[PDB]
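Peer 1: Before I ask anything, let me first share the structure, which is written out below as structure tokens.
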Amino acid sequence: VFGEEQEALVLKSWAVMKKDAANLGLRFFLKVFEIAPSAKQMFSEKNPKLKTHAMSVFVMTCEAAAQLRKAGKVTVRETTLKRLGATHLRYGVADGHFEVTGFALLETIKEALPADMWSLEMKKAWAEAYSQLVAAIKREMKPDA
Amino acid sequence: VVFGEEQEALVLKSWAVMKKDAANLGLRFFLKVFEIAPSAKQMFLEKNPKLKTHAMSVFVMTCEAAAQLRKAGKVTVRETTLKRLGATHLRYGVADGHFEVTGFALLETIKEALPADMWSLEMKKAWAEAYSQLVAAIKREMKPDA
Ligand code: HEM
Ligand code: HEM
């Protein structure tokens with residue numbers, strides 16, 4: 012059901028935000044830690069691993085949006101998901117963490133994006149792709165049945 | 011202490027004896043497990068081959084842990100990987116106490132299957148150490164690298 016205009020809303024804003032990714036990712040993380048400071052204990065500033073992770077969140081969320089247009093479902097490489105599941109299960113990432121991060125995602129997009137690009141339609145588009153990505157990763161963080 | 015030649019020989023020799031009744035062995039093994047901790051069943064009755072396949076892996080990999088602890092200073096990635104094992108047991112919610120119950124059940128099952136003549140405090144220790152060290156390696160990939 013994810014439309015072209017939905018996929019487009021994600022892609023066109025990404026196109027703009029990836030021009031300042033390093034600071035984008037930093038804002039992304041400062042916001043996560045402001046809501047839930049305890050989540051800093053999972054990692055261990066300009067930490068380039070933090071940059072890489074933030075960008076991963078954004079890039080794969082764009083890919084899930086692409087994949088929701090096409091197959092109407094997240095079609096990420098099965099071994100990438102399984103790996104994803106295991107890493108996040110390994111570091112103790114629970115539902116709460118995925119949610120706070122999704123919330124921080126939307127607020128970081130708002131803050132960083134030109135005011136004239138932000139809307140309810142775009143909010144929802146990023147919220148859907150991100151949720152569907154999280155659902156798939158969660159699926160590999162539990163027994164398959 | 012220090013898994014050397016003697017401890018290996020005890021495990022290998024005993025395993026060569028028990029191997030002959032391995033089907034009945036593994037079933038008895040996990041029945042004890044479920045008897046001590048019934049809640050453990052929900053992570054996966065006598066007739067289920069997937070249960071037997073699992074009990075076999077425990078015995079066999081413990082036996083292999085024995086050979087590598089002696090030959091290389093520690094347990095190894097042979098038949099699958101530590102990271103794979105870590106990730107599977109994590110994904111099914113297996114805690115320290117589950118590993119421990121299974122080890123107790125292991126030694127209990129070995130003592131029941133072996134000739135009384137072969138059982139000893141030293142034999143007990145050899146299997147306990149090789150199992151303890153395998154579990155330790157597995158748990159290492161159920162957490163982040165310190
Ligand atoms: C859908 C959202 C997310 C995506 C796409 C994502 C993606 C990734 C990727 C690609 C890795 C690299 C590890 C590997 O090669 O498997 C990773 C690692 C990690 N993620 Fe996530 N992640 C997400 C959400 C989260 C959340 C919500 C948390 C916790 C608040 C989190 C915590 C971690 C931790 C602690 C690591 C390990 C450290 C590292 O690789 O540098 N992730 N994530
Ligand atoms: C050192 C001891 C043990 C060894 C060597 C071992 C080994 C294995 C192996 C080889 C697998 C197959 C999947 C894979 O390749 O990752 C597996 C699966 C599994 N193990 Fe263990 N395991 C051990 C202890 C335990 C304990 C204590 C429990 C729980 C009481 C347990 C529960 C499970 C479960 C639930 C699965 C998944 C089975 C399925 O999906 O049908 N294991 N184990």
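Just so you know, the sequences run in chain order D and A. In terms of the entry's author numbering, the first sequence is residues 12 to 55, 65 to 165. In terms of the entry's author numbering, the second sequence is residues 11 to 54, 64 to 165. We put the CB at the ideal spot given by N, CA and C, even for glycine.
With ligand 1 as the reference, list in chain order each residue whose Cβ lies under 5 Å from any of its heavy atoms.
Peer 2: Checking every Cβ against the heavy atoms of ligand 1 under 5 Å gives D:50, D:53, D:69, D:76, D:77, D:80, D:103, D:107, D:111, D:113, D:117, D:118, D:121, D:153 and D:154.
Peer 1: To be precise: take each residue of the stretch 104–125 of chain D, compare its Cβ to all Cβ atoms of chain A, and keep it if any distance is under 8 Å. Which residues remain?
Peer 2: Taking 8 Å as the Cβ-Cβ cut-off against chain A, the residues of the stretch 104–125 of chain D that qualify are 105, 106, 109, 110 and 111.
Peer 1: Looking at C-alpha atoms only, which residue of D:127, D:43 and D:113 is the closest neighbour of residue 155 of chain D?
Peer 2: Comparing Cα-Cα distances from residue 155 of chain D to each of D:127, D:43 and D:113, the minimum goes to D:113.
Peer 1: List, from N- to C-terminal side, the alpha helix (DSSP H) runs of 4 residues or more that fit wholly inside the stretch 86–158 of chain A.
Peer 2: As far as the stretch 86–158 of chain A is concerned, its whole alpha helix (DSSP H) runs of at least 4 residues are 101–110 and 115–132.
Peer 1: Under the criterion of a Cβ to heavy atom distance below 7 Å, does residue 99 of chain D qualify as lining ligand 2?
Peer 2: Checking the Cβ of residue 99 of chain D against ligand 2 gives no.
Peer 1: Please confirm if residue 163 of chain A has its CB atom under 8 Å from at least one CB of chain D.
Peer 2: Interface residue, yes.
Peer 1: Considering only heavy atoms of ligand 2, does any lie closer than 7 Å to the CB of residue 73 of chain D?
Peer 2: No, since every heavy atom of ligand 2 falls outside the 7 Å radius drawn around the Cβ of residue 73 of chain D.
Peer 1: Looking at the unbroken alpha helix (DSSP H) that takes in residue 19 of chain D, where does it start and where does it end?
Peer 2: Per DSSP, residue 19 of chain D belongs to the alpha helix (DSSP H) from 15–28.
Peer 1: Give me the residue from A:149, A:137, A:134 and A:127 with the minimum Cα distance to residue 39 of chain A.
Peer 2: Considering only alpha carbons, the answer is A:127.
Peer 1: Could you tell me which of D:161, D:147 and D:158 sits nearest to residue 88 of chain D, measuring between CA atoms?
Peer 2: Closest by alpha carbon: D:147.
Peer 1: Could you tell me which of D:54, D:55, D:70 and D:17 sits nearest to residue 32 of chain D, measuring between CA atoms?
Peer 2: Checking every option, the nearest Cα to that of residue 32 of chain D belongs to D:70.
Peer 1: From D:105, D:25, D:73 and D:149, pick the residue whose C-alpha is nearest to that of residue 93 of chain D; which is it?
Peer 2: Comparing Cα-Cα distances from residue 93 of chain D to each of D:105, D:25, D:73 and D:149, the minimum goes to D:149.
Peer 1: Alpha carbon to alpha carbon, what distance is there between residue 111 of chain A and residue 66 of chain D?
Peer 2: Approximately 36 Å between the Cα atoms of the pair.
Peer 1: Within the continuous alpha helix (DSSP H) that includes residue 39 of chain A, where are the two ends?
Peer 2: Taken as a continuous stretch (DSSP letters only), the alpha helix (DSSP H) holding residue 39 of chain A covers 32–46.
Peer 1: Classify residue 42 of chain D: buried if its beta carbon has 16 or more other beta carbons within 10 angstroms, exposed otherwise.
Peer 2: Answer is buried; the Cβ neighbour count reaches 16.
Peer 1: Do residue 141 of chain D and residue 20 of chain D count as a contact pair if the criterion is CB distance below 8 Å?
Peer 2: Yes, they are a contact pair.
Peer 1: Classify residue 49 of chain A as buried or exposed, calling it buried when 16 or more other Cβ atoms lie within 10 Å of its own Cβ.
Peer 2: Per the 10 Å Cβ criterion, exposed.
Peer 1: What do you reckon, are the CB atoms on residue 160 of chain A and residue 125 of chain A nearer than 8 Å?
Peer 2: No, these two residues do not count as a Cβ contact at 8 Å.
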